[PDB]
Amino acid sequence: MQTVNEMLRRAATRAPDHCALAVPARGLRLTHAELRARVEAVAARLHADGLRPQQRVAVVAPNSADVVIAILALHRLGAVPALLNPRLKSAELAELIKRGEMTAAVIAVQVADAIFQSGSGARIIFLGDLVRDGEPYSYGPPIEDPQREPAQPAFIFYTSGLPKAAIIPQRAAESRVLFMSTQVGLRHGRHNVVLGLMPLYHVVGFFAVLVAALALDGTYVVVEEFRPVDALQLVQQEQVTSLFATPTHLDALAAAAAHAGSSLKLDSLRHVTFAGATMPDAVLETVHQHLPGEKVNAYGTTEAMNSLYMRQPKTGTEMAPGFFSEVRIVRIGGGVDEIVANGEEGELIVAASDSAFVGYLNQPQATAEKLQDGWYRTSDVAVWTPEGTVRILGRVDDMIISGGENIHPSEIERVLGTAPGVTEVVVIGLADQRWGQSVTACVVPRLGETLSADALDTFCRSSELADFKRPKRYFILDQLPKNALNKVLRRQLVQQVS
């Protein structure tokens, strides 16, 4: 295998004086050699404080040169980084670190108060005490490089109840990186300038963006806070070659690009990648119109990384498997061998091979639901298009079944979201009748505007929606319950209105 540490180590020998990390904000740059030296010193220092291989260390911080150093430091030492969204509640993080039987928690954030106070036996470490603006606090001699095994735990990332801790084995790193090469077209070389828009607590943010940038002997441009025009300036100033960004980021960037024109020079940008299954047609339309480079839509999971893709996508929902991947669509709640007839909907399952997680930390029931007989079960519904591509319909858990009929709220949400006066819409099935459940739309109006159940129904009737798909009821609301990091709490909304 080639571990993260090895990939970065090897890169450093090939390009020791090339720029690894650029923070144009802080006027900060570090070469590959310089980035190693800090990874080594922060490593030795943690090791001098008692930290040993295989011990789990929480990391809770916004993106920064300093957290990159700390994370690779931890990995280099041998410890297992558990990367947590800093947007979680104090209560939630404290609980996850408690449940994770974690040895320490590297933080930058009162959240510190909470950890102490949860009972958890985790030594609270402030990121600024380890490294500041790329400058580490050094003490102790250099340390061993511990032996790493292919199935051994390497990194922990959390899913989208509470988030589950997916364990990423050592042998997963390489294909978690190289799919950026086989699917997206990135190649080895110092031409590589990669914009760090994706957060580091997400597997794409970490493997596909940070580690890929360094392992191809390129440069990772750190972004602490996303501002659309600022980011487009970075593309121009840094000669950015690729960006991987969220649907929301791209909408921002496309419109700023449009309301710029050839004001900004974006020619260096050859790759614009995104997980755009949930991306509305209109945004995608603006992406092709107003941003340069080859566009690649990508489908993946925390659990198995990349499973599908499309170069130059027409819709955001249909994609095909790439290198490393093997995929099936099976009857919902059936065995991994129950393939569906072509054109019938089912669950997307992907082979659980090198890139796959080895289980959810301390949750073997969840694991046995998800890893069956060598497959990973996405919980996503899909259909095989006549063109031989996979169309993603929505989550199994959001699927409304009304009068014995599969209805996917995301479809309806895409239609309703275009209705004049609508700012947000979530479609849910109410425990009810006609039967099983009834299609219900919950809609927030634009600032100042009214909405009408009647007018929205009229709008739907003029749309493409098949009859049975149309909402039977409308609730107009000032707000949707969003404390799963935005993400709507579909379950909790149902409770609120029923």
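Sequential numbering from 1, following the sequence displayed.
Colleague: Note how many residues of the deposited chain are left out of the model between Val109 and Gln110; the options are none, 1 to 3, 4 to 9, and 10 or more.
Modeller: According to the record, 1 to 3 deposited residues lack coordinates from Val109 to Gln110.
Colleague: Do any residues of the deposited sequence lie unmodelled between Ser160 and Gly161, and which range holds their number: none, 1 to 3, 4 to 9, or 10 or more?
Modeller: Unmodelled stretch: 1 to 3 residues, a short break.
Colleague: Name the higher of the two by mean Cα B-factor in the PDB entry, 186-194 versus 111-119.
Modeller: That would be 111-119.
Colleague: Between 419-427 and 135-143, name whichever shows the higher mean Cα B factor according to the PDB entry.
Modeller: Per the deposited B-factors, the answer is 135-143.
Colleague: Going by the recorded CA B-factors, say which third of the chain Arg490 sits in, lowest, middle or highest.
Modeller: Within its chain, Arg490 is a highest-third residue by C-alpha B-factor, going by the deposited values.
Colleague: Should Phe207 be placed in the lowest, middle or highest third of its chain by the C-alpha B factor in the entry?
Modeller: Lowest third - that is where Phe207 ends up once the chain's C-alpha B-factors are sorted.
Colleague: Comparing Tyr360 with the other modelled residues of its chain, is its CA B-factor in the lowest, middle or highest third?
Modeller: According to the entry, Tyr360 has a C-alpha B-factor in the chain's middle third.
Colleague: Using the temperature factors of the C-alpha atoms in this entry, rank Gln55 within its chain: lowest, middle or highest third.
Modeller: It falls in the top third of the chain.
Colleague: Considering every modelled residue of the chain and its Cα B-factor in the PDB entry, is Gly316 in the lowest, middle or highest third?
Modeller: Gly316: CA B-factor falls in the lowest third of its chain.
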